[PDB]
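Visitor: Next up, final04.cif (mmCIF, N, CA and C atoms).
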data_entry
loop_
_atom_site.label_atom_id
_atom_site.label_comp_id
_atom_site.auth_asym_id
_atom_site.auth_seq_id
_atom_site.Cartn_x
_atom_site.Cartn_y
_atom_site.Cartn_z
N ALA A 1 0.84 -1.22 0.00
CA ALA A 1 0.00 0.00 0.00
C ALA A 1 0.87 1.25 0.00
N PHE A 2 0.40 2.31 -0.66
CA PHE A 2 1.11 3.57 -0.72
C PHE A 2 0.32 4.63 0.03
N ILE A 3 0.60 4.77 1.32
CA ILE A 3 -0.12 5.71 2.16
C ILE A 3 0.12 7.14 1.68
N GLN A 4 -0.92 7.75 1.12
CA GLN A 4 -0.80 9.06 0.50
C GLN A 4 -2.03 9.91 0.80
N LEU A 5 -1.85 11.23 0.79
CA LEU A 5 -2.94 12.17 0.99
C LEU A 5 -3.57 12.51 -0.36
N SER A 6 -4.85 12.17 -0.52
CA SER A 6 -5.56 12.43 -1.76
C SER A 6 -5.62 13.93 -2.04
N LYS A 7 -5.48 14.29 -3.31
CA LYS A 7 -5.46 15.68 -3.74
C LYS A 7 -6.58 15.95 -4.74
N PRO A 8 -7.11 17.19 -4.76
CA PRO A 8 -8.22 17.57 -5.65
C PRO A 8 -7.85 17.53 -7.13
N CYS A 9 -8.80 17.91 -7.98
CA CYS A 9 -8.59 17.95 -9.43
C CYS A 9 -8.64 19.39 -9.95
N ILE A 10 -8.47 19.54 -11.26
CA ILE A 10 -8.53 20.85 -11.92
C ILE A 10 -9.87 21.56 -11.66
N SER A 11 -9.90 22.86 -11.93
CA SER A 11 -11.08 23.68 -11.68
C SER A 11 -12.22 23.35 -12.66
N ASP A 12 -13.44 23.73 -12.27
CA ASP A 12 -14.64 23.49 -13.08
C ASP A 12 -14.47 24.07 -14.48
N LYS A 13 -13.78 25.20 -14.55
CA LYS A 13 -13.46 25.85 -15.82
C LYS A 13 -12.76 24.88 -16.77
N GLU A 14 -11.89 24.05 -16.20
CA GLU A 14 -11.10 23.10 -16.97
C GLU A 14 -11.84 21.78 -17.12
N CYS A 15 -12.74 21.51 -16.17
CA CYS A 15 -13.53 20.28 -16.17
C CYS A 15 -14.72 20.37 -17.13
N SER A 16 -14.75 21.43 -17.94
CA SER A 16 -15.82 21.64 -18.91
C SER A 16 -15.36 21.27 -20.33
N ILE A 17 -16.28 21.37 -21.29
CA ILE A 17 -16.05 20.90 -22.66
C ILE A 17 -14.97 21.71 -23.37
N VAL A 18 -14.42 22.72 -22.69
CA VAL A 18 -13.29 23.48 -23.22
C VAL A 18 -12.13 22.53 -23.55
N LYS A 19 -11.98 21.50 -22.72
CA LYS A 19 -10.94 20.49 -22.90
C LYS A 19 -11.50 19.21 -23.53
N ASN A 20 -12.74 19.30 -24.03
CA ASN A 20 -13.45 18.17 -24.68
C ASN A 20 -14.01 17.19 -23.64
N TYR A 21 -13.65 17.39 -22.37
CA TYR A 21 -14.13 16.55 -21.28
C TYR A 21 -15.37 17.16 -20.62
N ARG A 22 -15.98 16.42 -19.71
CA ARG A 22 -17.19 16.87 -19.02
C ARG A 22 -17.31 16.20 -17.64
N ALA A 23 -16.90 16.93 -16.61
CA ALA A 23 -16.97 16.44 -15.23
C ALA A 23 -17.47 17.55 -14.31
N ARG A 24 -17.89 17.18 -13.11
CA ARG A 24 -18.36 18.15 -12.13
C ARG A 24 -17.29 18.36 -11.07
N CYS A 25 -16.71 19.55 -11.05
CA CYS A 25 -15.65 19.88 -10.11
C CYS A 25 -16.10 21.01 -9.19
N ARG A 26 -16.15 20.72 -7.90
CA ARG A 26 -16.65 21.65 -6.90
C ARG A 26 -15.72 21.67 -5.69
N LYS A 27 -15.12 22.83 -5.43
CA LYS A 27 -14.17 23.00 -4.32
C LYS A 27 -13.02 22.00 -4.45
N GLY A 28 -12.67 21.69 -5.69
CA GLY A 28 -11.58 20.77 -5.95
C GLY A 28 -12.05 19.33 -6.08
N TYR A 29 -13.22 19.03 -5.53
CA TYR A 29 -13.76 17.68 -5.58
C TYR A 29 -14.20 17.37 -7.01
N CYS A 30 -13.73 16.25 -7.55
CA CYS A 30 -13.97 15.90 -8.94
C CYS A 30 -14.81 14.63 -9.05
N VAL A 31 -15.99 14.77 -9.66
CA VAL A 31 -16.90 13.64 -9.87
C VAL A 31 -17.47 13.68 -11.29
N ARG A 32 -17.37 12.56 -12.00
CA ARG A 32 -17.96 12.45 -13.34
C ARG A 32 -19.41 12.00 -13.19
N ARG A 33 -20.33 12.91 -13.48
CA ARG A 33 -21.75 12.70 -13.21
C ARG A 33 -22.50 12.29 -14.48
N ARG A 34 -23.77 11.96 -14.30
CA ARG A 34 -24.69 11.71 -15.41
C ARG A 34 -25.82 12.74 -15.36
N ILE A 35 -26.44 13.02 -16.50
CA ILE A 35 -27.60 13.88 -16.55
C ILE A 35 -28.80 13.16 -15.93
N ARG A 36 -28.87 11.86 -16.18
CA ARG A 36 -29.93 11.01 -15.65
C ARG A 36 -29.32 9.90 -14.81
#
Would you mind writing the file's structure down as structure tokens?
Guide:
Amino acid sequence: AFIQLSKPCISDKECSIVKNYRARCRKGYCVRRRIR
């Protein structure tokens, strides 16, 4: 096991289709959501 402190992801600005991707990023927390 590699005991490590988890770190957040890129900002919502970057988590948008600007980068062709689509994820929900809030306060650094990164979750790939569904519409339904």
Visitor: Kindly give the distance, in Å, that separates atom N of residue 32 in chain A and CA of residue 15 in chain A, rounded to a single decimal.
Guide: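 CA of residue 15 in chain A lies at a distance of 9.6 Å from atom N of residue 32 in chain A.
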Visitor: Could you please determine the separation between CA of residue 30 in chain A and atom C of residue 12 in chain A in Å, to one decimal place?
Guide: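 Computed distance, CA of residue 30 in chain A to atom C of residue 12 in chain A, equals 9.9 Å.
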Visitor: Could you work out how far atom N of residue 2 in chain A lies from CA of residue 14 in chain A, giving the answer in Å with one decimal?
Guide: 28.8 Å
Visitor: Evaluate the PyMOL selection byres (((chain A and resi 28 and name CA) around 10) and name CA) against this structure - the residues, as a PDB file with N, CA and C atoms, in the coordinates of the input, please.
Guide:
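This went into result-v4.pdb:
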ATOM      1  N   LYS A   7      -5.480  14.290  -3.310  1.00  0.00           N
ATOM      2  CA  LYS A   7      -5.460  15.680  -3.740  1.00  0.00           C
ATOM      3  C   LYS A   7      -6.580  15.950  -4.740  1.00  0.00           C
ATOM      4  N   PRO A   8      -7.110  17.190  -4.760  1.00  0.00           N
ATOM      5  CA  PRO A   8      -8.220  17.570  -5.650  1.00  0.00           C
ATOM      6  C   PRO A   8      -7.850  17.530  -7.130  1.00  0.00           C
ATOM      7  N   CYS A   9      -8.800  17.910  -7.980  1.00  0.00           N
ATOM      8  CA  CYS A   9      -8.590  17.950  -9.430  1.00  0.00           C
ATOM      9  C   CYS A   9      -8.640  19.390  -9.950  1.00  0.00           C
ATOM     10  N   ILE A  10      -8.470  19.540 -11.260  1.00  0.00           N
ATOM     11  CA  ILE A  10      -8.530  20.850 -11.920  1.00  0.00           C
ATOM     12  C   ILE A  10      -9.870  21.560 -11.660  1.00  0.00           C
ATOM     13  N   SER A  11      -9.900  22.860 -11.930  1.00  0.00           N
ATOM     14  CA  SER A  11     -11.080  23.680 -11.680  1.00  0.00           C
ATOM     15  C   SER A  11     -12.220  23.350 -12.660  1.00  0.00           C
ATOM     16  N   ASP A  12     -13.440  23.730 -12.270  1.00  0.00           N
ATOM     17  CA  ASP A  12     -14.640  23.490 -13.080  1.00  0.00           C
ATOM     18  C   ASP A  12     -14.470  24.070 -14.480  1.00  0.00           C
ATOM     19  N   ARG A  24     -17.890  17.180 -13.110  1.00  0.00           N
ATOM     20  CA  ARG A  24     -18.360  18.150 -12.130  1.00  0.00           C
ATOM     21  C   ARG A  24     -17.290  18.360 -11.070  1.00  0.00           C
ATOM     22  N   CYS A  25     -16.710  19.550 -11.050  1.00  0.00           N
ATOM     23  CA  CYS A  25     -15.650  19.880 -10.110  1.00  0.00           C
ATOM     24  C   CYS A  25     -16.100  21.010  -9.190  1.00  0.00           C
ATOM     25  N   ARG A  26     -16.150  20.720  -7.900  1.00  0.00           N
ATOM     26  CA  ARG A  26     -16.650  21.650  -6.900  1.00  0.00           C
ATOM     27  C   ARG A  26     -15.720  21.670  -5.690  1.00  0.00           C
ATOM     28  N   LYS A  27     -15.120  22.830  -5.430  1.00  0.00           N
ATOM     29  CA  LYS A  27     -14.170  23.000  -4.320  1.00  0.00           C
ATOM     30  C   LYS A  27     -13.020  22.000  -4.450  1.00  0.00           C
ATOM     31  N   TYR A  29     -13.220  19.030  -5.530  1.00  0.00           N
ATOM     32  CA  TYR A  29     -13.760  17.680  -5.580  1.00  0.00           C
ATOM     33  C   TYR A  29     -14.200  17.370  -7.010  1.00  0.00           C
ATOM     34  N   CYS A  30     -13.730  16.250  -7.550  1.00  0.00           N
ATOM     35  CA  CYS A  30     -13.970  15.900  -8.940  1.00  0.00           C
ATOM     36  C   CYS A  30     -14.810  14.630  -9.050  1.00  0.00           C
ATOM     37  N   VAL A  31     -15.990  14.770  -9.660  1.00  0.00           N
ATOM     38  CA  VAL A  31     -16.900  13.640  -9.870  1.00  0.00           C
ATOM     39  C   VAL A  31     -17.470  13.680 -11.290  1.00  0.00           C
TER      40      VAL A  31
END
Visitor: From the DSSP assignment of the backbone, select every residue of chain A that is strand (DSSP E), and format the answer as a list in words.
Guide: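 Taking chain A and keeping strand (DSSP E) only, one gets residues 24, 25, 26, 29, 30 and 31 of chain A.
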